[PDB]
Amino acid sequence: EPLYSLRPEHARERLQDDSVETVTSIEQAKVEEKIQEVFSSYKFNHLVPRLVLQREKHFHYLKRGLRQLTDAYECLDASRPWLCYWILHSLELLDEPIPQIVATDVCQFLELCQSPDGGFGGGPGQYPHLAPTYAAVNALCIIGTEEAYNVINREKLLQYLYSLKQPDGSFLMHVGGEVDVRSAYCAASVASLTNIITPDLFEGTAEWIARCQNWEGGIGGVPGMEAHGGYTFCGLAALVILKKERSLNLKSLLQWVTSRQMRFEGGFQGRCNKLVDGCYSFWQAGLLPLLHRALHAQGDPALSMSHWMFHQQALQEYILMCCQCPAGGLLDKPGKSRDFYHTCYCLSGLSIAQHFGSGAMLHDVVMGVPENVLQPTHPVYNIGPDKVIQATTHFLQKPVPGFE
């Protein structure tokens, strides 16, 4: 009875297809049958459900990956600062120390990824791009040493962000690239952490992000597009950095994200009528601490003083029972292969689900053994709150750069 997903009344949450089968309901029923097999395994094997986060297996997988990867990772040869970030953030969440020599080696590698005209590329000598720029700055802030902060060329990073800024408020992902909401979040994230925000760098950006909120309440990658969890996280997190959350309809956004939690699986889907996926444990659930903060700022008196506005227990049960690989690492759903991307965002979502905080109120929900408790993560940057304060404090001692 302690587990919400195993209660007999939970069987009522299975899909009701109204006797009208389409590709969407057939695929949803397939996932629910597989997820029910996982939930029933304890009753079938005659064991007490013992939800354990396999920290040791996760740590071994991560420490090896931080050094070396097989040719199976050739598809991430233009995403190596992302691998630094996903692995260091997973280790930070697991409270696993980063040795000083390993930290120096990461700094030296990200220096090779930095472009002479600002920003970082997906690997040594690659052209800069806002996504590896975001990942590299987050990785360097997780390290948080004077050496790590000194890697960033702030003067050139500012020049680079301006070269991507468009008159409509949006940002290109890279020179000769395209625009989407992620670019605005990448730019707002690195610019606020390094204290390089000039008065007009984000002119029109909040209004451009608001044009991406659609009829569903969520946000699409560009205006006109379907609401999607990853882009909605990017949109709202960028507006929180800019202090412009009121540009969105926060009530239609709140109703949309809460609707993305799956009644049966407990995890989150990325879009309406799509499948559950472990990485949306961060992208979707991470929106509720952002909305709580945004609504608290407006003086909302109806907010909870102990829980986020999602079923924290059901999300932890989905991550712990369905998203762990027995050999270490986490995954989208049972039957999928592990990867560092899902390891990072399943653990980030698990940490959001465990820790509520607002004003002077703090309340934890740790499903399973007490050792499952993770270190907290900041919902805007998705690095430890201590690392955000340490980096912001460090760069606030430097002036905002001038122009060449």
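Start at 1 with the first residue shown and count on from there.
J.: Of 272-280 and 293-301, which one has the bigger average CA B-factor?
T.: Mean C-alpha B-factor is greater for 293-301.
J.: Would you determine, from the values in the PDB entry, which of 142-150 and 227-235 has the greater average C-alpha temperature factor?
T.: In the deposited entry, the stretch with the higher C-alpha B-factor mean is 142-150.
J.: Can you tell me which of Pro376, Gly335, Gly349, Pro379 has the highest Cα temperature factor in the record?
T.: Among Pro376, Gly335, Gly349, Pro379, the highest C-alpha B-factor in the entry belongs to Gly335.
J.: By its CA B factor, does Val106 count among the lowest, middle or highest third of the modelled residues in the chain?
T.: As the PDB entry reports it, the C-alpha B-factor of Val106 lands in the middle third of its chain.
J.: Name the third of the chain's ranked CA B-factors that contains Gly177, choosing lowest, middle or highest.
T.: Its C-alpha B-factor belongs to the highest third of this chain's values.
J.: Could you say whether, by C-alpha temperature factor, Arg14 belongs to the lowest, middle or highest third of its chain?
T.: Ranked within chain, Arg14 CA B lands in the highest tercile.
J.: Relative to the other modelled residues of the same chain, rank the CA B-factor of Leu93 and answer lowest, middle or highest third.
T.: CA B-factor rank for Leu93: middle third.
J.: Is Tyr162 in the lowest, middle or highest third of its chain when residues are ranked by C-alpha B-factor?
T.: For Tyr162, whose C-alpha B-factor we compare with every modelled residue in the chain, the answer is the middle third.
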